[PDB]
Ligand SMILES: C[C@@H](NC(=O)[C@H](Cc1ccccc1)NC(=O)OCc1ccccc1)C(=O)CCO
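Take a look at this single chain in structure tokens; it is the form solved without this ligand.
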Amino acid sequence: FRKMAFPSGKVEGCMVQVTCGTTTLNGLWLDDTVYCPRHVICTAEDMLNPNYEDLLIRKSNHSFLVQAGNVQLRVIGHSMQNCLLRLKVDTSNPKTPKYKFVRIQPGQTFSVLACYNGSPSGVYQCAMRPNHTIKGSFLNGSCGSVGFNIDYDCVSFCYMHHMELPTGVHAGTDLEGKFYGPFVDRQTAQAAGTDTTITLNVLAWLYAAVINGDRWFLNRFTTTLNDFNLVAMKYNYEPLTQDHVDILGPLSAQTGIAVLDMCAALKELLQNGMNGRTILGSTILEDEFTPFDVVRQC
């Protein structure tokens, strides 16, 4: 059972490089706008204490160098939106796909097109951690890279990379420039809080296992929701609300396994262990597939 990224073609045609002075990062070109992290305007000395609105009101249009492959795109306007610069260029991207901008919740998944200086290098699937960060060293030096989902023909942009935190996890914003989490776009003390396991996703992955033939771990005993949350919290799992439980409705319907019955199986799995046995050929519980991802891939 594999982590899949969305095909990245529709996003690749949107990736450009933005340079201000000696700083360069990735930007996203849609219609005649280029979106990038506004800290591209910062010198390393500015970055400790940046006055973004002063720095931005004081920059000329021609001080921005935007490149689509080798081709310079002239900037003809610039404004700020929260933590993003929106740069007007003189050319509409002929490869602009159908898109929207959405803001995602913790636990949800998306694909990241990792880029270096505007050139796509790889695509990764990942989840937004409950602490509003994303794990995995893959975003190191690709500020501006974007996270997205594809809904048949429409690209829903949800993430833009801004920074690496002291523990090496990544922080960024939605495409309206609002951070996920309490973080800021300056070089200062910030810390990812404690993280927890995405309980709903681990439940979804146990349903994926049942769908794929694996039944040995089904519950031997009943649980209540409350007793379930009591045990799960001891293993650093997120507590499960009623509404979380209900999101598992379709997977429950299609398998015949009641949601609280699957909670019971997980509770017994945390307490009693796999003991060398495997689920989906794994010795560990996976928490970066949402219920939606499981329905889609099964």
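Only the largest set of C-alpha atoms that superpose within 1.5 Å between the two forms is called the rigid core. Only residues modelled in both forms are compared. Note that residue numbering begins at 1 and tracks the sequence as displayed.
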Taking the mean of the C-alpha B-factors per stretch from the entry, tell me the winner out of 132-140 and 171-179.
132-140
Greater mean Cα temperature factor according to the PDB record, 116-124 or 88-96
116-124
Largest Cα B-factor, entry values, listed residues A265, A44, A258, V40:
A44
Among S111, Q72, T197, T188, single out the one with the highest C-alpha B factor in the record, please.
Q72
Sorting the chain's modelled residues by C-alpha B-factor and splitting them into thirds places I247 in the highest
Which third, lowest, middle or highest, does the CA B-factor of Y152 fall in along this chain?
highest
Sort the modelled residues of this chain by their C-alpha B factor and say whether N212 lands in the lowest, middle or highest third.
highest
Where does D32 sit by CA temperature factor within its chain: lowest, middle or highest third?
lowest
How does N229 rank on Cα B-factor within its chain, lowest, middle or highest third?
middle
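Not on display, but discussed next: the form solved in complex with this ligand.
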Segment that reaches this ligand in the bound PDB entry - one of 222-230, 154-162, 98-106, 76-84, heavy atoms within 4.5 Å
154-162
Every residue of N140, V184 and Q187 near this ligand in the bound PDB entry, heavy atom within 4.5 Å:
yes
Answer yes if any heavy atom of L25 is within 4.5 Å of a heavy atom of this ligand in the bound PDB entry; otherwise answer no.
yes
Indicate whether this ligand has at least one heavy atom within 4.5 Å of a heavy atom of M47 in the bound PDB entry.
yes
Moved residue between this form and the one not shown - picked from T91, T222, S119, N212, where its Cα shifts 2 angstroms or more relative to the rigid core
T222
Core-aligned C-alpha movement of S137 between this form and the one not shown, 2 Å or more:
yes
Closer or farther: how do the Cα atoms of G136 and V146 compare in the bound PDB entry versus the shown form, where the change is at least 3 Å?
closer
Could you point out the stretches of 3 or more consecutive residues whose C-alpha atoms all move by 2 Å or more between this form and the one not shown when the rigid core is superposed?
136-141, 219-222
